[PDB]
Amino acid sequence: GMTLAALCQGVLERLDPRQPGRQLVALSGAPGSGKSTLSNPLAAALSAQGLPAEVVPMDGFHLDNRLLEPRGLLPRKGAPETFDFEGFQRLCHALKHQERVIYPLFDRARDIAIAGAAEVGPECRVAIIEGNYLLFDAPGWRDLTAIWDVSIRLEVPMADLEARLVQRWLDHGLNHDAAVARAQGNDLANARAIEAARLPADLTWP
């Protein structure tokens with residue numbers, strides 16, 4: 001019930017042109033929410049209105065499997081406790097007042113996070129930070145809401161998330177039974193934890 005145009009305008013109205021440094025806009029979804037398909041056009045819309053914006057994903061902050069494994073966390077990769085929270089938090093802080101900030105990008109195919117893979121530069125006025133746990137009512141995570149200048153929740157029904165996740169796994173070459181089991185495991189449990197621990201957003205799409 002909201003157009004991208006109205007989303008862009010709503011973000012702009014809520015930002016403060018007089019505010020020193022870089023502004024942060026959070027877009028929080030769940031696994032399967034397709035959040036990157038919203039954040040990127042939003043970045044482009046804002047840039048077109050004279051606010052150069054870029055999308056900064058949180059995925060680069062996954063711990064490596066070599067850490068997760070001995071901790072018994074490997075089967076839950078994607079869960080909040082499988083992220084470098086303190087490192088992500090440090091990035092969010094750096095983005096406000098550092099001119100130039102290097103950060104990691106997650107390589108899905110290789111199932112690793114690559115350090116030194118991306119940079120937010122001084123020309124960027126707004127960072128749209130996208131992730132699953134940006135409005136998440138848990139220790140540490142809940143403190144992030146204080147950092148955001150504007151926050152957006154991407155709201156997708158659980159049923160829709162599931163279907164999208166199964167397709168994901170089907171694409172990966174899993175058969176249907178397997179794809180369902182895989183999705184119903186981790187991803188959907190995370191989606192559920194997210195729904196169970198919602199912090200309020202400035203704006204909700206759609």
# chains A, B, ... in the order shown; residues from 1 in each chain; ligands from 1
>>> select_by_dssp(residues="segment 46-103 of chain A", states="strand (DSSP E)", output="list in words")
residues 53, 54, 55, 56, 57, 101, 102 and 103 of chain A
>>> write_last_selection(atoms="C-alpha atoms", output="short mmCIF file (atom, residue, chain, number, x, y, z; two decimals), in the first residue's frame")
data_model
loop_
_atom_site.label_atom_id
_atom_site.label_comp_id
_atom_site.auth_asym_id
_atom_site.auth_seq_id
_atom_site.Cartn_x
_atom_site.Cartn_y
_atom_site.Cartn_z
CA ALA A 53 22.97 6.50 -1.20
CA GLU A 54 24.34 3.00 -1.20
CA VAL A 55 23.35 -0.36 0.22
CA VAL A 56 25.57 -1.90 2.91
CA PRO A 57 24.66 -5.52 3.68
CA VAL A 101 35.07 2.67 5.30
CA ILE A 102 36.13 -0.74 4.10
CA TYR A 103 33.85 -3.73 4.82
#
>>> select_by_dssp(residues="segment 145-178 of chain A", states="helix (DSSP H, G or I)", output="PDB file with N, CA, C and O atoms, in the first residue's frame")
ATOM      1  N   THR A 145      19.069   0.038  17.183  1.00  0.00           N
ATOM      2  CA  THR A 145      17.974   0.957  16.801  1.00  0.00           C
ATOM      3  C   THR A 145      18.310   2.410  17.144  1.00  0.00           C
ATOM      4  O   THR A 145      17.849   3.339  16.518  1.00  0.00           O
ATOM      5  N   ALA A 146      19.153   2.583  18.131  1.00  0.00           N
ATOM      6  CA  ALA A 146      19.559   3.925  18.552  1.00  0.00           C
ATOM      7  C   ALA A 146      20.470   4.541  17.520  1.00  0.00           C
ATOM      8  O   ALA A 146      20.677   5.750  17.503  1.00  0.00           O
ATOM      9  N   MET A 158       4.710 -15.043   6.722  1.00  0.00           N
ATOM     10  CA  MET A 158       5.467 -16.270   6.948  1.00  0.00           C
ATOM     11  C   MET A 158       5.268 -17.290   5.842  1.00  0.00           C
ATOM     12  O   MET A 158       6.198 -18.026   5.488  1.00  0.00           O
ATOM     13  N   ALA A 159       4.046 -17.319   5.311  1.00  0.00           N
ATOM     14  CA  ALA A 159       3.678 -18.296   4.292  1.00  0.00           C
ATOM     15  C   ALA A 159       4.435 -17.985   3.020  1.00  0.00           C
ATOM     16  O   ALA A 159       4.944 -18.860   2.325  1.00  0.00           O
ATOM     17  N   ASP A 160       4.555 -16.698   2.759  1.00  0.00           N
ATOM     18  CA  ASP A 160       5.214 -16.242   1.541  1.00  0.00           C
ATOM     19  C   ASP A 160       6.724 -16.474   1.674  1.00  0.00           C
ATOM     20  O   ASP A 160       7.420 -16.881   0.719  1.00  0.00           O
ATOM     21  N   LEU A 161       7.238 -16.225   2.872  1.00  0.00           N
ATOM     22  CA  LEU A 161       8.694 -16.436   3.118  1.00  0.00           C
ATOM     23  C   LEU A 161       9.056 -17.884   2.852  1.00  0.00           C
ATOM     24  O   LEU A 161      10.096 -18.218   2.266  1.00  0.00           O
ATOM     25  N   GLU A 162       8.160 -18.751   3.286  1.00  0.00           N
ATOM     26  CA  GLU A 162       8.410 -20.185   3.198  1.00  0.00           C
ATOM     27  C   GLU A 162       8.508 -20.622   1.737  1.00  0.00           C
ATOM     28  O   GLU A 162       9.428 -21.305   1.338  1.00  0.00           O
ATOM     29  N   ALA A 163       7.507 -20.227   0.970  1.00  0.00           N
ATOM     30  CA  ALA A 163       7.444 -20.559  -0.457  1.00  0.00           C
ATOM     31  C   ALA A 163       8.674 -20.061  -1.166  1.00  0.00           C
ATOM     32  O   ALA A 163       9.228 -20.712  -2.038  1.00  0.00           O
ATOM     33  N   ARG A 164       9.134 -18.897  -0.754  1.00  0.00           N
ATOM     34  CA  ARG A 164      10.274 -18.278  -1.432  1.00  0.00           C
ATOM     35  C   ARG A 164      11.549 -18.979  -1.085  1.00  0.00           C
ATOM     36  O   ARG A 164      12.411 -19.188  -1.926  1.00  0.00           O
ATOM     37  N   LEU A 165      11.617 -19.424   0.161  1.00  0.00           N
ATOM     38  CA  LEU A 165      12.771 -20.184   0.650  1.00  0.00           C
ATOM     39  C   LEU A 165      12.838 -21.560   0.018  1.00  0.00           C
ATOM     40  O   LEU A 165      13.915 -22.048  -0.312  1.00  0.00           O
ATOM     41  N   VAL A 166      11.683 -22.184  -0.186  1.00  0.00           N
ATOM     42  CA  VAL A 166      11.686 -23.527  -0.802  1.00  0.00           C
ATOM     43  C   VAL A 166      12.196 -23.402  -2.236  1.00  0.00           C
ATOM     44  O   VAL A 166      13.061 -24.159  -2.658  1.00  0.00           O
ATOM     45  N   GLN A 167      11.698 -22.406  -2.945  1.00  0.00           N
ATOM     46  CA  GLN A 167      12.162 -22.150  -4.320  1.00  0.00           C
ATOM     47  C   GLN A 167      13.669 -21.937  -4.362  1.00  0.00           C
ATOM     48  O   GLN A 167      14.370 -22.451  -5.256  1.00  0.00           O
ATOM     49  N   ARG A 168      14.162 -21.233  -3.360  1.00  0.00           N
ATOM     50  CA  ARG A 168      15.603 -20.943  -3.274  1.00  0.00           C
ATOM     51  C   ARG A 168      16.363 -22.246  -3.287  1.00  0.00           C
ATOM     52  O   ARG A 168      17.294 -22.443  -4.051  1.00  0.00           O
ATOM     53  N   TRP A 169      15.893 -23.169  -2.475  1.00  0.00           N
ATOM     54  CA  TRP A 169      16.580 -24.429  -2.282  1.00  0.00           C
ATOM     55  C   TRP A 169      16.375 -25.346  -3.482  1.00  0.00           C
ATOM     56  O   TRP A 169      17.226 -26.195  -3.806  1.00  0.00           O
ATOM     57  N   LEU A 170      15.267 -25.120  -4.180  1.00  0.00           N
ATOM     58  CA  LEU A 170      14.966 -25.888  -5.394  1.00  0.00           C
ATOM     59  C   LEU A 170      15.971 -25.453  -6.475  1.00  0.00           C
ATOM     60  O   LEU A 170      16.519 -26.260  -7.214  1.00  0.00           O
ATOM     61  N   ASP A 171      16.218 -24.161  -6.517  1.00  0.00           N
ATOM     62  CA  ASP A 171      17.185 -23.577  -7.473  1.00  0.00           C
ATOM     63  C   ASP A 171      18.574 -24.172  -7.257  1.00  0.00           C
ATOM     64  O   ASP A 171      19.342 -24.398  -8.191  1.00  0.00           O
ATOM     65  N   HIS A 176      12.162 -31.417  -3.901  1.00  0.00           N
ATOM     66  CA  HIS A 176      11.154 -30.618  -3.218  1.00  0.00           C
ATOM     67  C   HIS A 176      11.110 -30.950  -1.713  1.00  0.00           C
ATOM     68  O   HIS A 176      11.058 -30.052  -0.852  1.00  0.00           O
ATOM     69  N   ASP A 177      11.154 -32.233  -1.421  1.00  0.00           N
ATOM     70  CA  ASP A 177      11.143 -32.727  -0.034  1.00  0.00           C
ATOM     71  C   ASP A 177      12.286 -32.108   0.740  1.00  0.00           C
ATOM     72  O   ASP A 177      12.140 -31.617   1.854  1.00  0.00           O
ATOM     73  N   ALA A 178      13.443 -32.182   0.109  1.00  0.00           N
ATOM     74  CA  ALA A 178      14.693 -31.712   0.716  1.00  0.00           C
ATOM     75  C   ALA A 178      14.690 -30.217   0.893  1.00  0.00           C
ATOM     76  O   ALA A 178      15.228 -29.699   1.871  1.00  0.00           O
TER      77      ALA A 178
END
>>> residues_around(residues="residue 19 of chain A", least_positions_apart="4", cutoff="12 Å", atoms="only C-alpha atoms", output="JSON, numbers by chain")
{"A": [14, 15, 23, 24, 96, 97, 125, 126, 149]}
>>> residues_around(residues="residue 204 of chain A", least_positions_apart="2", cutoff="8 Å", atoms="only C-alpha atoms", output="PyMOL selection string")
chain A and resi 152-155+201-202+206
>>> atom_distance(atom1="atom CA of residue 100 of chain A", atom2="atom CA of residue 18 of chain A")
20.3 Å
>>> residues_around(residues="residue 86 of chain A", least_positions_apart="4", cutoff="10 Å", atoms="only C-alpha atoms", output="list in words")
residues 61, 90, 91, 92, 140 and 141 of chain A
>>> residues_around(residues="residue 196 of chain A", least_positions_apart="2", cutoff="12 Å", atoms="only C-alpha atoms", output="list in words")
residues 30, 133, 135, 136, 137, 138, 158, 189, 190, 191, 192, 193, 194, 198 and 199 of chain A
>>> write_last_selection(atoms="N, CA and C atoms", output="mmCIF file, in the first residue's frame")
data_model
loop_
_atom_site.group_PDB
_atom_site.id
_atom_site.type_symbol
_atom_site.label_atom_id
_atom_site.label_comp_id
_atom_site.auth_asym_id
_atom_site.auth_seq_id
_atom_site.Cartn_x
_atom_site.Cartn_y
_atom_site.Cartn_z
ATOM 1 N N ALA A 30 13.558 -10.546 6.820
ATOM 2 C CA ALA A 30 13.772 -11.912 7.257
ATOM 3 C C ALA A 30 14.326 -12.702 6.068
ATOM 4 N N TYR A 133 18.503 -8.647 11.214
ATOM 5 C CA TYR A 133 18.488 -8.376 12.666
ATOM 6 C C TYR A 133 18.683 -6.921 13.053
ATOM 7 N N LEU A 135 16.188 -4.701 13.688
ATOM 8 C CA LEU A 135 15.049 -4.283 14.524
ATOM 9 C C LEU A 135 14.696 -5.425 15.474
ATOM 10 N N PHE A 136 15.755 -5.979 16.029
ATOM 11 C CA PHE A 136 15.707 -7.263 16.746
ATOM 12 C C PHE A 136 15.908 -7.111 18.254
ATOM 13 N N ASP A 137 14.860 -7.496 18.973
ATOM 14 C CA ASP A 137 14.776 -7.286 20.424
ATOM 15 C C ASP A 137 15.484 -8.417 21.185
ATOM 16 N N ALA A 138 16.790 -8.284 21.155
ATOM 17 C CA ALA A 138 17.730 -9.151 21.894
ATOM 18 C C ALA A 138 18.932 -8.346 22.358
ATOM 19 N N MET A 158 4.710 -15.043 6.722
ATOM 20 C CA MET A 158 5.467 -16.270 6.948
ATOM 21 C C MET A 158 5.268 -17.290 5.842
ATOM 22 N N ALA A 189 13.226 -20.916 11.074
ATOM 23 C CA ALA A 189 13.345 -20.778 12.527
ATOM 24 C C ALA A 189 13.807 -19.353 12.827
ATOM 25 N N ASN A 190 14.687 -18.867 11.969
ATOM 26 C CA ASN A 190 15.234 -17.489 12.123
ATOM 27 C C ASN A 190 14.142 -16.464 11.851
ATOM 28 N N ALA A 191 13.370 -16.755 10.809
ATOM 29 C CA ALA A 191 12.259 -15.872 10.403
ATOM 30 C C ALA A 191 11.309 -15.747 11.572
ATOM 31 N N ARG A 192 11.147 -16.866 12.259
ATOM 32 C CA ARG A 192 10.226 -16.978 13.376
ATOM 33 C C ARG A 192 10.763 -16.198 14.585
ATOM 34 N N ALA A 193 12.058 -16.368 14.871
ATOM 35 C CA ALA A 193 12.726 -15.645 15.993
ATOM 36 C C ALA A 193 12.633 -14.135 15.781
ATOM 37 N N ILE A 194 12.743 -13.768 14.512
ATOM 38 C CA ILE A 194 12.660 -12.355 14.107
ATOM 39 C C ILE A 194 11.270 -11.817 14.406
ATOM 40 N N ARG A 198 10.275 -8.299 17.550
ATOM 41 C CA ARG A 198 10.194 -7.115 16.702
ATOM 42 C C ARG A 198 10.358 -5.814 17.482
ATOM 43 N N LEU A 199 11.272 -4.950 17.028
ATOM 44 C CA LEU A 199 11.327 -3.583 17.526
ATOM 45 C C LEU A 199 10.582 -2.683 16.523
#
>>> atom_distance(atom1="atom CA of residue 114 of chain A", atom2="atom CA of residue 78 of chain A")
16.2 Å
>>> residues_around(residues="residue 89 of chain A", least_positions_apart="4", cutoff="10 Å", atoms="only C-alpha atoms", output="VMD selection string")
chain A and resid 58 61 84 to 85 93 to 94 140 to 141 143 to 144 147
>>> atom_distance(atom1="atom CA of residue 12 of chain A", atom2="atom CA of residue 44 of chain A")
12.8 Å
>>> closest_residue(among="A:87, A:98, A:64, A:70", to="residue 111 of chain A", atoms="only C-alpha atoms")
A:64
>>> closest_residue(among="A:134, A:42, A:104, A:33", to="residue 157 of chain A", atoms="only C-alpha atoms")
A:33
